[PDB]
């Protein structure tokens, strides 16, 4: 499996680094996509290398999608290509894992109406206004969409996501 991450500067550090390594443990290949080649830096100062830009991403070449939180989703969701990647992969039924502010990208992709999931509670109302049946739970599994709220949910988040890739 090839796993794509859509992220940018000001990502929540552990919400990117934890699924990155957890999926590598399984032997999946993990790819970080962002605006520009080079490095990006998290809220807490961890730097990670960008593997490819949004413009170079063909969503048909990836099997699953991870959306870390932080402040990066509010910039990534203004990128028509990045939102388009999320829309197609989510629409095709490929596994999509979101945590915290991550699902702001899915809101912008227009794919969440009638779906069930969670997010950082601070944006629950925006999830609800997008048509999500929002629940306060450490992990929600709604078909291909695995969603969690905060870094304390990491263990449950990837426990469920890893099952979807098996």
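Numbering follows the first chain given and starts at 1.
Tell me which of 52-60 and 112-120 has the higher mean C-alpha B-factor in the deposited entry. The stretch with the larger mean CA B-factor is 52-60.
Looking only at CA atoms, which has the higher mean B factor in the entry: 29-37 or 125-133? Mean B over CA atoms: larger for 29-37.
Please place residue 144 in the lowest, middle or highest third of its chain by C-alpha B factor as given in the entry. Middle third - that is where residue 144 ends up once the chain's C-alpha B-factors are sorted.
CA B-factor placement of residue 71, once the chain's modelled residues are sorted into thirds: As the PDB entry reports it, the C-alpha B-factor of residue 71 lands in the lowest third of its chain.
Compared with the other modelled residues in the chain, in which third is the CA B-factor of residue 165? Highest third of the chain for residue 165's C-alpha B-factor.
Chain thirds of CA B-factor: placement of residue 4: It falls in the bottom third of the chain.
By the record's CA B-factor, is residue 44 among the lowest, middle or highest third of residues in the chain? Highest third - that is where residue 44 ends up once the chain's C-alpha B-factors are sorted.
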